[PDB]
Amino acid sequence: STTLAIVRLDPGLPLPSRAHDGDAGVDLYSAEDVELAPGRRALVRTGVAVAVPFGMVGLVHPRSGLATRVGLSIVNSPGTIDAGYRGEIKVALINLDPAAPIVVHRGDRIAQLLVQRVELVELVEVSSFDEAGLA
């Protein structure tokens, strides 16, 4: 229902897509080949940049399959993609397994991007919650 303008910085990757009609997000690909030794991280390029609509927010989540099979994870999950950010999306992958290295290949689905509305609240300082009227 909502359109998202997306730019394939790396035309060699497939355009991210939604697997089923109600599926929460679209899987992002790795534009590079990387290997993580146990406990090490990396900042991988996905080869895409998005135009998140004002009032919404992009959110990068880890894939559960990999998370369990090989203990693959994202250091700053959920990664926040601001509506204004027009740069390339990057994933902070980390190997949380104790002994087995993870090998990521360019073309691999290494995360998923969800889009949600966000409340751009206005912060209003108060002295106390009682005074304001919130106890």
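Don't overthink the numbering: it's just position in the shown sequence, from 1. By rigid core we mean the largest C-alpha set that fits within 1.5 Å across both forms.
query: Do the Cα atoms of 11 to 19 or those of 114 to 122 sit farther, on average, from the shown form in 7 other deposited structures of this protein after fitting on the core?
result: Greater root mean square C-alpha distance in 7 other deposited structures of this protein: 11 to 19.
query: What stretch has the higher average Cα B-factor here, 37 to 45 or 75 to 83?
result: Per the deposited B-factors, the answer is 37 to 45.
Given 51 to 59 and 65 to 73, the range whose Cα B-factors average higher in the PDB entry: Taking the mean B-factor of the alpha carbons in each, 65 to 73 is higher.
message: By the recorded C-alpha temperature factor, relative to the other modelled residues in its chain, which third is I102 in?
response: Ranked within chain, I102 CA B lands in the highest tercile.
- request: Classify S127 as lowest, middle or highest third according to the C-alpha B-factor given in the PDB entry, relative to its own chain.
  value: Ranked within chain, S127 CA B lands in the highest tercile.
field: Record-listed C-alpha B factor of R18: chain third
entry: It falls in the middle third of the chain.
Chain-wide C-alpha B factor ranking for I89, given as lowest, middle or highest third: CA B-factor rank for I89: middle third.
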